[PDB]
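Architecture at a glance
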Amino acid sequence: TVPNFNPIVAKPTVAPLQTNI
Amino acid sequence: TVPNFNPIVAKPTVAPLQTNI
Amino acid sequence: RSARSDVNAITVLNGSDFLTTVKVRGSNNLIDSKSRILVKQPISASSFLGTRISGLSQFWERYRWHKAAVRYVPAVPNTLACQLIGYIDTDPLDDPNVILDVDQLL
Amino acid sequence: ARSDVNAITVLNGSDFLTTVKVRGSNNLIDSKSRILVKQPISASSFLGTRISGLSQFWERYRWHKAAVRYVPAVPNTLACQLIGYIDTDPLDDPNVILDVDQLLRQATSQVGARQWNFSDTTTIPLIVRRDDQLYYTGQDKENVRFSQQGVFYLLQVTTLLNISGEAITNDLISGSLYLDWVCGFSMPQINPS
Amino acid sequence: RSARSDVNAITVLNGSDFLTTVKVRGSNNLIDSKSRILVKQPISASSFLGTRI
Amino acid sequence: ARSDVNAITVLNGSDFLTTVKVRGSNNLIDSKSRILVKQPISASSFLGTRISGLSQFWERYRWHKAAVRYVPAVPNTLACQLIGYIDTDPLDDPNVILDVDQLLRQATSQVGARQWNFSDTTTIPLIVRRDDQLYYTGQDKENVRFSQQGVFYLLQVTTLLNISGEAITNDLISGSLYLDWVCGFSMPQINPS
Amino acid sequence: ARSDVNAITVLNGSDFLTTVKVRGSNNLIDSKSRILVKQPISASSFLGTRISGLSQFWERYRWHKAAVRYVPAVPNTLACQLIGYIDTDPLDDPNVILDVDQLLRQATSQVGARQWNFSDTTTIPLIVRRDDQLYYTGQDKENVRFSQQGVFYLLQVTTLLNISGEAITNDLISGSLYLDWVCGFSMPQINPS
Amino acid sequence: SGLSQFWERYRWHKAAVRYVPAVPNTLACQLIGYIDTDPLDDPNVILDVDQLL
Ligand SMILES: [Ca+2]
Ligand SMILES: [Ca+2]
Ligand SMILES: [Ca+2]
Ligand SMILES: [Ca+2]
Ligand SMILES: [Ca+2]
Ligand SMILES: [Ca+2]
Ligand SMILES: [Ca+2]
Ligand SMILES: [Ca+2]
Ligand SMILES: [Ca+2]
């Protein structure tokens, strides 16, 4: 059977405030 | 040879919103 | 005699696709219980025109979603807020539009 | 020194294409308006870049490894989605499509498609054909499937709005497009200009 | 990020189909060299409309 | 004896293109008048010869090893500097140029170019591409990058001058162009004419 | 596809410098008037050509194997003895000399010099230094020993004379200078212009 | 730099400039940074912003 027809992927990313050093 | 002349270090920190409990 | 075959074989194939965008209705255009229905998207394979799964659908007679799962991909930050309910009704003839009591609809 | 030999000169680099401009409210009324960028990925399409300046000094080219890059110039508080894909067949014109969802779907269907918010950064890879066909470097001519190896379409999925809920209408700029490319040129020459 | 894949994979598939009928031209409608061309059927996969290939 | 195998039939030969004519003083007035020959190098471009006659009986071709050759019909006392290069992109047309120097530079920068005085002889090669593409053996049609593998241009750098440091105003004939070729045709057939 | 590796990109080519002009009798009056060409051999010195166009897109260069070439546009009946050498120290200027013989001697003593009559052809090589230094691809600036790897001088030893033992007073054009070069550029970039 | 005066010649066997920001992710502006190995290459002489970039 036809595999991987319309495979979509998701990888969530956060977006904080005040990246500190 | 003179080691560790002017060594600087960086350690990034995030600053999110609404730290929840 | 040129006899086409007689094997009714099943062809299972998988993949993701794209239904549509969701348009929240806001305070102006939300003046009724029908206005609170943002998406009415049948799940018949032949309902997703631009996709190619629907196109393949025409190459067979029958279908059955051995597994389906709609996924919501947001585009907003966590600053905005609005509750959403999503349910795939297995009976198409069940029309929520005929309802008036918003609470009954929810 | 007077060699009559031809050989591929695979050389790498990077380049700055242009600044995108999310269409906003006013300029966004229909589908084709949601097509912010229609930029061929022919080496000689970006005028002042190094890639095109080099392409001018050969006949042919072939992207062995190309990838368009998006670098945002905005905060993370603004909200708008973006879809980008590189169609390897130039003559496929989605501008004729009216249904917006059909447009986004024929975009997502292309393999090298990518979707990203205009506040983060992502890379749009060019997918290479399998027949080894080289493409001509000069400006587009009678046919385009000879020169252009791809076309970069940038789409506006949602509407542009700000910290508050009011949607912007001023058609501001969101970021910039860079090209981290690797190409192979074949025949030394000069093209006319 | 929702990144569609980047694998340009080949899908080979086989099967028979049906182009059209041949119409011999007879003595009346055969009065030229063009009349003796009965079938001009491109072989582009997209040329066979009714088929599913 | 009824085999349907398609096989390349590499075969050598020689031919005769035409006689050239230096343009002189009065007729040399601009940049395009300095182009004495704009002659494709497609198999089926030289009808009365052998290469085109053979091409008629195949569908495709590819110059394995070709070389144009100049033979003069003039004495050594005369002088005129020529340039001859075989552009592999037939759509690249120098006639659109006006700066003579740029014309000579795009002629010289080609890898298969040679410069010589019209009293001696030379051998202009054809540098073949890399992607193994085959070309079509028929007359010119919708596009040219399908049929013509090259285009031969013959330039006039210096003004024609006689024994002394004096120019000439006759626009005389100098020599003839020959083609020493080996070509590989793929598909047996017959093309209309 | 975002590599930052610096690698030499050796690439061959040919080009067209300019036409030369023998100075004749009336204009040949001193030692410096016998210098027909004072032309650097830096990549970025020949704008309209291919070598300078490519140089624009690198920062440094080094002549791996270069060779200037003379092609005449005159008959054998005329005679004039020329000398051509490529001085690797651009600041060495012969114009400050007045003794013709010393000029010809410092031209001949260079290891990459050749002497020839202006009716035939030659190939003037560029002898490269040993210390592996790289040169700069930009326009001439504060110093020259950073950019120019060489300087081409073309001399006139004997007075131009016709069929008979008689001189000429026309100051005519003789031929053209070509460059058959292979060069290695180090750092990809774009230089202003 | 002070030690530099105690020797005659130098060579950066390795150098790497590092950007230490001071702002949150609310503000936005693109930046390009490149160490040109030819000091005489002056971008100031340029007028076409796109050429500069
Ligand atoms: Ca129900
Ligand atoms: Ca397409
Ligand atoms: Ca091919
Ligand atoms: Ca071209
Ligand atoms: Ca060309
Ligand atoms: Ca044909
Ligand atoms: Ca010297
Ligand atoms: Ca520089
Ligand atoms: Ca620089």
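Bear in mind the residue numbers are our own, running from 1 along each chain as written, so they may not match the entry, and residues with no coordinates are left out. Chain letters start at A and ligand numbers start at 1, both assigned in the order the entries are written. Remark: the chains included constitute part of a larger assembly, and values are reported for the included chains only. Side-chain numbers come from the whole structure's heavy atoms, not from hydrogens or water.

Moving on to the relation of the copies chain D and chain F. For superposition, the copies are fitted by least squares on their C-alpha atoms. In the superposition of chain D on chain F (RMSD 0.7 Å, axial shift 0.6 Å), the rotation amounts to 117°. Expressed as a symmetry operation, the mapping of one chain copy onto the other fits a three-fold axis. A different interface surface on each copy is seen, since only 12% of the contact residues of chain D are contact residues in chain F too. Working rule for contacts: check all heavy atoms of both residues, and any pair within 4.5 Å makes them a contact.

This part is about the UniProt feature "binding site: Ca(2+) 3" (unreviewed entry) in chain D. UniProt positions are given in the numbering used here, feature names are shortened, and annotations may be inferred rather than shown by experiment. Taking the UniProt record as the reference, the feature "binding site: Ca(2+) 3" (unreviewed entry) is found at D:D132. A relative accessible area of 32% means that D:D132 is categorised as partly exposed. The residues touching D:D132, leaving out its near neighbours within four places in the chain, are D:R62, F:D131 and F:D132. The buried label applies to any residue whose accessible area, calculated with a 1.4 Å probe on protein chains only, is under 20% of its type's maximum; exposed applies above 50%, and partly exposed to all values in between.

Contact residues are listed per partner, giving 25 residues for chain D and 26 residues for chain F. Two parts placed together each lose some accessible area; with a 1.4 Å probe, that loss summed over both constitutes the buried area. Both sides together, the interface formed by chain D and chain F hides about 2300 Å², and carbon and sulfur atoms give 51% of it. Looking at the side of chain D facing chain F, the largest losses of area belong to D:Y136, D:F146 and D:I190, adding up to 24% of the total buried there. In the sections that follow, a salt bridge refers to a side-chain nitrogen of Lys or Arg positioned within 4 Å of a carboxyl oxygen of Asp or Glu. At the surface where chain D touches chain F, the tally comes to 2 salt bridges. D:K141 is paired through a salt bridge with F:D92; the nearest N and O atoms lie 3.1 Å apart. Polar contact is the term for a pair of N or O atoms within 3.5 Å; when the atoms are in protein, one must be able to donate a hydrogen and the other to accept it, and sequence-neighboring residues count only if both atoms are side-chain atoms. Between chain D and chain F we count 7 residue pairs in polar contact in total.

All right, on to the sheet that holds strand β2 (residues 35–40) of chain G then. Residue and element names in this part refer to chain G. A strand pair is defined by DSSP finding two or more bridges across the two strands. Helix and strand labels come from DSSP, where a helix needs a run of H or I of at least four residues and a strand needs a run of E of at least two; each type is numbered from the N terminus. Ordered by their spatial adjacency, 4 strands build an open sheet running β2-β9-β5-β6, and the pairing between neighbours is antiparallel. Only two strands of the sheet have a single partner each, and these edge strands are β2 and β6 (114–117). Going from strand to strand, the sheet's axes swing by 15° on average, the running direction of each strand aside. Where strand β5 (residues 81–87) lies against strand β9 (residues 151–156), 6 bridges are found, and the strand directions are antiparallel. Bridging across to β9, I86 finds its partner in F152. Axis definition: a line fitted to C-alpha atoms, limited for helices to the stretch in contact. Angles are taken between N-to-C directions and run from 0 to 180 degrees. Helix-sheet contacts for helix α2 (residues 100–109) involve β2, β5, β6 and β9, and the interaxial angle to β5 is about 60°.

Another point: the interface of chain H and chain D. Residue-level contacts link 9 residues of chain H with 10 residues of chain D. Of the roughly 730 Å² buried between chain H and chain D on both sides combined, carbon and sulfur atoms contribute 54%. On the surface where chain H and chain D come into contact, there are 0 salt bridges. Taken together, the links from chain H to chain D amount to 3 residue pairs in polar contact. In this count, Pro and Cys sit with the nonpolar residues alongside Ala, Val, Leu, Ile, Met, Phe, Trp and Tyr, while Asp, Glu, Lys and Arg are called charged and the others, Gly among them, polar. Classifying every residue of the side of chain H that touches chain D gives 5 nonpolar, 4 polar and no charged.

Attention shifts here to empty space enclosed by the protein. Gaps left between atoms show up when a probe the size of a water molecule is rolled over them. The way it works is a 1 Å grid over only the protein atoms, where trapped points that fit a 1.4 Å probe form a cavity and open points with protein on both sides within 12 Å along at least five of seven lines form a pocket, and then any residue with an atom within 4 Å of a point lines it. Grid points are joined across faces, edges and corners, and a volume is the space filled by probe spheres set on the points. For the structure shown, the criterion picks out 3 cavities of 30 Å³ or more. What the largest cavity holds in volume is close to 80 Å³. Lining the largest cavity we find A:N6, A:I8, C:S16, C:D17, C:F18, C:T51, D:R105, D:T108, D:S109 and E:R4. Here the residues of the lining of the largest cavity are counted per class, giving 2 nonpolar, 5 polar and 3 charged. Approximately 50 Å³ is the volume found for the second largest cavity. For the second largest cavity, the full set of lining residues is D:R2, D:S3, F:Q110, F:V111, F:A113, F:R114, G:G13, G:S14, G:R69 and G:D180. Residues belonging to the lining of the second largest cavity are distributed by class as follows: 2 nonpolar, 4 polar and 4 charged.

Looking now at the packing of aromatic side chains. Residues and elements named next belong to chain D. Note on aromatic contacts: the rings of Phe and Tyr and the six-membered ring of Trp form a pair at centre separations within 6.5 Å, being stacked when their planes are under 30 degrees apart, edge-to-face when over 60 apart, and tilted otherwise. If you walk through the whole model with that rule in mind, you get 27 aromatic pairs over all chains. Centroid distance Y70 to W116: 5.6 Å. Interplanar angle 55°. Geometry classified as tilted. One end of the pair, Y70, is in strand β4 (residues 67–72); the other, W116, is in strand β6 (residues 114–117), and 46 residues separate them in sequence. Accessibility expressed as a relative area gives 1% for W116, which makes it buried.

Let us look at the coordination of the calcium ion (ligand 9). Note on the calcium ion (ligand 9): its protein donors are G:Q189 (OE1), G:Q189 (NE2), H:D36 (OD), H:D36 (OD) and H:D41 (OD). The metal-donor distances range over 2.0 to 2.7 Å. In this model, the calcium ion (ligand 9) sits 4.6 Å from the calcium ion (ligand 8), the two metals being bridged by H:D41. Accessibility expressed as a relative area gives 25% for H:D36, which makes it partly exposed. Because water is not among the atoms used, a metal site may look incomplete, as its donors are only the N, O and S atoms within 2.8 Å, or 3.2 Å for Na, K and Ca.

A word on the UniProt feature "binding site: Ca(2+) 2" (unreviewed entry) in chain D. The positions that UniProt labels "binding site: Ca(2+) 2" (unreviewed entry) are, in the present scheme, D:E59, D:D89, D:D92 and D:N191. Judged by maximum C-alpha separation, these annotated positions cover 133 residues in sequence and are scattered in space, the widest gap reaching 27.1 Å. Along the chain, D:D92 turns up in the loop between β5 (81–87) and α2 (100–109). Since its relative accessible area comes to 39%, D:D92 is described here as partly exposed. Leaving out residues up to four positions away in the same chain, D:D92 has contacts with D:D87 and D:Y153. Relative to the helices and strands, D:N191 is located in the segment after β10 (175–185). Assessed through its relative accessible area of 5%, D:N191 is described here as buried. Every residue in contact with D:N191, bar those within four places of it in the chain, is listed here: D:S55, D:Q56, D:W58, D:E59, D:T137, D:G138 and F:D92.

On to the nonpolar core. Among buried residues, those of type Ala, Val, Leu, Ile, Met, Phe, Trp, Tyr and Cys that are joined through side-chain atoms within 4.5 Å constitute a nonpolar core. D:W63 and G:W63 are the most contacted members of the largest nonpolar core, which totals 79 residues. Within the second largest apolar cluster, 37 residues are counted, among which are F:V20, F:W58, F:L78 and F:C80.

Bringing unusual backbone geometry into the picture now. Residue C:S2 is not a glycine yet carries a positive backbone phi of 45°. Even without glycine at this site, G:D171 takes up a positive phi of about 60°. Within the secondary structure, G:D171 is located in the loop between β9 and β10 (173–185). Residue class for G:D171 comes out buried when judged on its relative accessible area of 15%.

All names here are of chain G. Within α2, burial applies to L103, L104 and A107. Viewed end-on, α2 has its buried residues packed into an arc of 95°, placing them on one side of the element. Check the buried side of α2 and you find it contacts β2, β5 and β9. Looking at where α2 begins, the residue whose side-chain oxygen comes 2.9 Å from the main-chain nitrogen of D101 is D99. Working definition: the arc comes from the directions between the helix axis and the C-beta atoms, pointing outward to the latter.

Attention shifts here to the side chain of G:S147. By secondary structure assignment, the location of G:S147 is in the loop between β8 (135–136) and β9. On the basis of relative accessible area, G:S147 is assigned to the buried category, the value being 7%.

The pairing of strands in a sheet comes from backbone hydrogen bonds and takes either a parallel or an antiparallel form. Residues and elements named next belong to chain D. What the 4 strands build is an open sheet, ordered β2-β9-β5-β6; its pairing is antiparallel. The two strands at the open ends of the sheet, each matched to only one other strand, are β2 (35–40) and β6. Between one strand and the next, the sheet's axes are offset by a mean angle of 15°, whatever the strand orientation. Bridge count between β2 and strand β9 (residues 151–156): 5 bridges; the pairing is antiparallel. When the sheet's bridge partners are listed, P40 is paired in β9 with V151.

Attention shifts here to the environment of F:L177. Residues and elements named next belong to chain F. As for its placement among the helices and strands, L177 is situated in strand β10 (residues 173–185). On the basis of relative accessible area, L177 is assigned to the buried category, the value being 1%. Placed 39 residues apart in sequence, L177 and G138 show a C-alpha to C-alpha distance of 22 Å. Other than its neighbours up to four places away in sequence, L177 contacts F16, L17, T18, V20, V37, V68, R69, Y70 and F152.

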